[PDB]
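Visitor: I would like to see how this sequence folds:
(chains A, B and C)
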Amino acid sequence: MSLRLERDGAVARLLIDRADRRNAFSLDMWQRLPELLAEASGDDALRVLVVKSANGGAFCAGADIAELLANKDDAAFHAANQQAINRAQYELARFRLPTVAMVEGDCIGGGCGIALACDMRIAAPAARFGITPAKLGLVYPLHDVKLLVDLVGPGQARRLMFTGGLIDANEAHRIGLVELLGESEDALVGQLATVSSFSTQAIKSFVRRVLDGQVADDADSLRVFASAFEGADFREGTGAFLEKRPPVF
Amino acid sequence: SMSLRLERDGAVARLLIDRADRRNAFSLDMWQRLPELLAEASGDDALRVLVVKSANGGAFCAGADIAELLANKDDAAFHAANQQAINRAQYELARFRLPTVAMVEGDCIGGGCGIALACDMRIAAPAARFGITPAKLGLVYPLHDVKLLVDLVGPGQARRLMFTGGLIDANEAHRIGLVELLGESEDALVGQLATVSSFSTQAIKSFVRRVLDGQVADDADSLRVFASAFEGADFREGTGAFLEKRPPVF
Amino acid sequence: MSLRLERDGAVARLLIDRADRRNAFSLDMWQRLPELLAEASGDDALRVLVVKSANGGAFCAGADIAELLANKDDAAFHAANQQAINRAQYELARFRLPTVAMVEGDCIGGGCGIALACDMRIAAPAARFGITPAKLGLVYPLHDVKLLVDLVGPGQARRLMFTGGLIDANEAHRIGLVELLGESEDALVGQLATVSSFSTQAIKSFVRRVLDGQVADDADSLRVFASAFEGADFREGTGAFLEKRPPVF
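Guide: Numbering: from 1, shown residues only, chains lettered A, B, ... in the order given. Below is the structure:
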């Protein structure tokens, strides 16, 4: 399959495997993505989801161009495609566990949307980023405009979206589009896999609350904080600390 | 008075600050003039990008006309009118319908920094310097402009600059996100901005403004705007040009 | 005297003085902090508050570990500690005057919280930063999640909070966690102490309104702006300029 899930204990990988079209997404792939997220989310052992190319190279060149051109006069297709992309983007960005995009090549348009929906991004030296709807007279979904502005601010967001020009790995790192430069996700994934999954999931939800406009602590966020002390992970943390050993979460 | 003037050149318009003998400092009449020139530029259907720059290079804008400030220091009526005129100019520049670029080649201070902040993006040449200096005279900065600054550089850097009134150079402005690009000239960027879809740039600019105004999710309107693109002439030109392996002419 | 306040005219110093526990905070230090803020705030001569270690080295290694372990099953302690930390953080972040954190060593967990609640941070070359609740199965308070996201954005915030990994002074500077690199706060403090305190206090409040979600000027903010022209600092600013002398605010 051109989009598949691999589950390897604490780590799952969402793999994009369509090298002959530079990992371009078709409508069926967009529709499939939420199903794979649901499969991954149902695994209690999972600690981190990695999104990456199955074969290195391009991360995702964006829209399937043959599909775009074949359906350029098809209103039903455009509506279905809009909904599928928006669903996929919405769900990926709110996946319960930490998510990492490993970008080793071109990450364009809808591909950039996928990367933006992950919690953090690692860029290898060949990585390139761009958002190109202005080159076809199209718009970017507001959900994804917000993901972009959240990371790089409105100046860089407009620079990228108005021009549709590509930027390289170092510039993406400089402007905050990617958090890390590196050849592999292994080191980061190792760190993410060993911490408390109670903590990561709760903190992830707090960050989302802040991004959705929450300004101060309220009764619920105070309760979530306090609930940690009743949890098994806190008991493992304190027990491990007393025994001078690493906690095993 | 031609201390602020508009040049319209097809797809590109230039809002030129032309008061070299006062280092491009703004007087009240220039603040009044600014939205009038924006209205003229906006009425042009052929326009694709507005560039804000010095007519003569050097200083972009050294801030408030100091002679005017001192002469009117006890004049409450002047202060009221000046506050409202500046706030109108800033508000309108920040919401200009098309892409705007500030080309900064020298000192960009106070209200001058306000103008640069109200553009969509900024390019800084090597001699560009930036500062917000109201704390040196016991003044405040408008909340609208505080927000423009915090949007770009965050509250730590915003407070560093506004509390001290100290200047930063082009490289530090670039590092903290006050300017998006370093360069001697706007020509390359303007060329890119002039040749993309103006349907796209205007719609996207409005989306970014909705996000900055606190919009969190897509709604009926934003979903409609997105869908409307496929009914547009620019999309038809885009796909037609792609099939013919030629550049689109939007 | 683990936490103490020095008042030196225009400059006050909140000094963390517990070197034998790497400046770790106990409950009583958290409770003492707002009392010292109230004392500082009552001084009309004050222009800037500096938060720093009394003895260089670590800024604050985080929670008093012996205290944490001794109270691991004490619900009353957890409630009191949560309340004290949140109050201290809330009040420090809203102190009426400019605040500067001078970080010369490790700044971890609750220590990073204190640093984040200052207006700006200077890091010396040995400074290191980390937020580590995920290593103990705990959450970070939403107020402090917001302080972090405000500075570094959601990507870097999640990188730091999910891994609990430390970053060095240069990376903290690169991602916007600290505003300045330097060995000493003296130059910055000199600059802050000589500007208008009418201006700094008013501007600080405007920045806070923006962080709390204010998007446009309103009657109140227009009024605050206009009120500057009736103030003694504006008269001193213009009078000094006319007399070609430095202003004395």
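Visitor: okay, now residue A:43: neighbour count?
Guide: Residues near residue A:43, counting by other CB atoms under 10 Å in any protein chain shown, number 15. C-beta here means a position set from N, CA and C on the backbone, and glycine is covered the same way.
Visitor: Grab the nearest non-local neighbour of it.
Guide: Distances taken as CB to CB, 6 or more residues apart in numbering or on different chains put residue A:7 closest to residue A:43, at 6.0 Å, once the chain neighbours are dropped.
Visitor: Check the secondary structure at the one you found for me.
Guide: State at residue A:7, reduced to three classes by DSSP: H, G, I helix; E, B strand; the rest coil: strand.
Visitor: how far away is it from chain B?
Guide: According to CB to the nearest CB, to the nearest Å, residue A:7 and chain B sit 31 Å apart.
Visitor: isn't that residue right next to residue A:46, touching?
Guide: Yes. Shown here, residue A:7 and residue A:46 form a contact pair, counting by CB atoms under 8 Å, at 7.3 Å.
Visitor: hey, what's in contact with both of the two?
Guide: Contact criterion CB atoms under 8 Å, 6 or more residues apart in numbering or on different chains; residues bridging residue A:7 and residue A:46 by contacting each: residue A:40.
Visitor: related to what we said a few turns ago, burial count for the residue nearest to residue A:43?
Guide: There are 14 residues near residue A:7, going by other CB under 10 Å.
Visitor: Could you do the one 10 residues further on as well?
Guide: Close neighbours of residue A:17, defined as other CB under 10 Å, add up to 12.
Visitor: residues contacting residue A:55?
Guide: The neighbours of residue A:55, taking CB under 8 Å, 6+ apart as the test, are A:17, A:19.
Visitor: Is it located within a helix, as I assumed?
Guide: No. Secondary structure of residue A:55 (three-state DSSP): coil, not part of a helix.
Visitor: How much space separates whatever residue of chain A ends up closest to chain B from residue B:240?
Guide: Closest to chain B within chain A is residue A:137: 2.7 Å, counting by CB to the nearest CB. Residue A:137 sits 11 Å away from residue B:240, going by CB to CB, to the nearest Å.
Visitor: Same question for residue A:180.
Guide: Shown here: residue A:180 relative to residue B:240, a distance of 41 Å by CB to CB.
Visitor: What strand or helix carries residue A:189?
Guide: Here residue A:189 sits within helix A:186-194, counting by DSSP states H and E.
Visitor: what residues does the helix or strand just after that helix touch?
Guide: Reading on from helix A:186-194 to the C-terminus, the next helix or strand found by DSSP H and E is helix A:197-211. In this structure, residues lying in contact with helix A:197-211 by CB under 8 Å, 6+ apart are A:47, A:94, A:96-98, A:119, A:146, A:150, A:192, A:221, A:224, A:228, A:231-234, A:249, B:216, C:133-134, C:136-140, C:142, C:145-146, C:149, C:154, C:157-158, C:161-162.
Visitor: next one: stretch A:107-116
Guide: Counting by CB under 8 Å, 6+ apart, A:23-25, A:51, A:58-63, A:85, A:88-89, A:92-93, A:101, A:103, A:121, A:127-133, A:141, A:144, A:147-148, A:151, A:166 sit against stretch A:107-116.
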